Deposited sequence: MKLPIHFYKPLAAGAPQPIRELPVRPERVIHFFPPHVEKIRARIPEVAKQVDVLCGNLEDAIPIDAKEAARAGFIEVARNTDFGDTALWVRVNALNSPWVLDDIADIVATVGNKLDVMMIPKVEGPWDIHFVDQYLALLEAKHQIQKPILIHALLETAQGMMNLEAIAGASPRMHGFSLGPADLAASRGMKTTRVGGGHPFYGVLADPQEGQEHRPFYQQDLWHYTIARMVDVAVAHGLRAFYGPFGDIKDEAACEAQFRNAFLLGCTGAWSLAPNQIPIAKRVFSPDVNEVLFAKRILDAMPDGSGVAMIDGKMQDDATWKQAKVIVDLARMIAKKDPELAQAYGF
C-alpha cells in the first residue's frame, strides 16, 4: 500500500525517495585490475555513470579481489558529478551476501545505485530492499541506495510490472541481452545485437527486409519503467569494433525512450554520450515548436503542432539543456 510503501524497512534507515542527472553512458570497470583502478579518477570525469563489476567476466578466484578493489577506489576517489554504481553478484551466488554487506559498510554513502543480476520477480527486490535497509541502519547511511534490475530471463520480463512496483528504491532496468537471449532461446550473432536472417521475404514479383529482434522487449521495458517513474536502459553492445552497429543499436533504444546504454570499452563512451544526447537538428525543430506556441495552448501550421507536440518538444529541449554544463546550443 502507499502508506507503508514509503516507510523505512529498518529503524535508522534513511527516508525513502528519482534524482535528476544525465545517465547517457554507464561505464563498466573491473575493480581487480590495478591499471583500470589507478585511472578511475581521470576516467570518472569522462562519463555520466561509473559502474563497478563484481559479476560477469570476474573470475571466481578474483571475487574477493574485485570486491576489495571496488571498495578501495570508491572510498578514496571524489567522483564529483559522476554517479557511482556497482553490479554485485547474483542472489543465488556464494558472493552476494559479502558483496552487499562489505560495500554498504565501507562506502554506503558514496553508492548511488546497486545493479542486481537476473531479477526474476518482486521477491528478489523484497530481499535486496530489506537487506540494504538493515545494513544502512547498522552503518548509519544517510542516503538510501537505489536498486537497478538487470533483465536476463523470460520470467523477469513476464514479471516486469511487479518488479517495477516492488520497492520505492527502484531506479530502473537494464536489458541483459546475452542471458535474456539464452533464456528465451533467442538467437543473435552479437551480444546486444540482432540477426541478419531475421526478416521478411518479399513476394516473388527477391528482396529481404531485416527486422529488429529487440522491438517488443524494448517497447515493453520502456512502458513499464516509465509508468512507474523509472528509467529503462539498453544494456551492453558486445562487438566493440563494429562502431557503426553500436551507434545504430544505441540510437534505436534512445528513440524508443531509453535513457542510456552500457559502455564496455573506452571507444563506446563517446558513442553513448553522443547518441543519448538529443540531435541538434531535432533541438532546433523542437525550439521552433516551443517558440510557435508560448504555452501549451494553441495550434501551429506544414505539420500540425499543438499542446502535445509542445510536450514532445519540452522533453527534447529539457534534456539538451541538462546535459550542457559540451554542445552549448
Sequence order list of spans that the model leaves without C-alpha positions, deposited numbering: 1 to 2, 20 to 21, 210 to 214, 311 to 312, 337, 342 to 347
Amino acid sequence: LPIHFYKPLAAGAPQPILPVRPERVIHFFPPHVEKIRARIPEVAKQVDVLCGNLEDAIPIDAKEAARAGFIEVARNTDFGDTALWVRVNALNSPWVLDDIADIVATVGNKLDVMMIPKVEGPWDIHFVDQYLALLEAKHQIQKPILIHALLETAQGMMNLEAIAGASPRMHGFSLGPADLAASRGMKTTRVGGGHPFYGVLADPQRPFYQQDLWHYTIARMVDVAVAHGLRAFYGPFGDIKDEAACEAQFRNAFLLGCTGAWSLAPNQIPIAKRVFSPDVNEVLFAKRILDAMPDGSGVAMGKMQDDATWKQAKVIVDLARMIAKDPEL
From here on, numbers count along this sequence of modelled residues.
Please compare 221 to 229 with 136 to 144 and name the stretch with the higher mean C-alpha B-factor in the deposited structure. 136 to 144
Higher mean Cα B-factor in the deposited model: 112 to 120 or 232 to 240? 232 to 240
Going by the deposited entry, which of 289, 54, 269, 65 has the highest CA temperature factor? 289
Residue with maximal Cα B-factor (values as given in the PDB entry) among 260, 59, 298, 30: 298
Against its chain's modelled residues, does residue 203's Cα B factor rank lowest, middle or highest third? highest
Temperature factor at the Cα of residue 210, chain-ranked in thirds, falls in the highest
Quick tally, chain-level thirds of C-alpha B-factors: residue 190 sits in the highest
Third of chain Cα B-factors occupied by residue 254: middle
Looking at the temperature factor on the CA atom of residue 197, which third of the chain's modelled residues does it land in? highest
